[PDB]
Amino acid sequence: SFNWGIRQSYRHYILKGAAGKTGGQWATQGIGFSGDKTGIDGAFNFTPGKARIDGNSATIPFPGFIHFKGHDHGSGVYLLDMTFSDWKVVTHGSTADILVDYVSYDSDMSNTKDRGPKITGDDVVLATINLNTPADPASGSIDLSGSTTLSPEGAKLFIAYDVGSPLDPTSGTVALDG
């Protein structure tokens, strides 16, 4: 199991912040959750698929999606509507990239009637793990614990955060068999 809470302050925003006061929620398929929902130890739980090895680089898939919603301001439409699927982690020695397919919508955070334009991204790097131990695919297992920073492409997706902002730390050792 690979564990990551994306960002604690983002999960607090969806459930208790300005998104949470206007219909904020999340839903998952294939992915669990453990810990405090708006807390530091809270993390989504990703189950690995069959890994793919290219030398010293493992690409580990994790099936399922995470769907965040919020900001119903009475128009019948969720103005925040953010789906994260096709989770994969590609290791690059001492770092690992977290890859997603997203569907989201842009916003100026002012218009409470009109949903902004759809944005998608396929095989987009969302974050990079500075790994505690370097990833070796020849050992049969990869420890994914480490600290994370937000990518330039996820920073377009999350809007409010800077490029290279810290995200939630990761944990868990997964096997590569399936």
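Residue positions are given as counts along the sequence shown, with the first one as 1.
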| property | result |
| --- | --- |
| Average Cα temperature factor in the PDB entry - higher stretch of 96-104, 76-84 | 76-84 |
| Stretch exceeding the other in mean C-alpha B-factor - 43-51, 124-132 | 124-132 |
| Top residue by Cα temperature factor, when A138, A58, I119, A27 are compared in the entry | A138 |
| From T112, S34, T38, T149, residue of greatest CA B-factor | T112 |
| Chain-relative CA temperature factor third for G172 | middle |
| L144 CA temperature factor, ranked by third within the chain | middle |
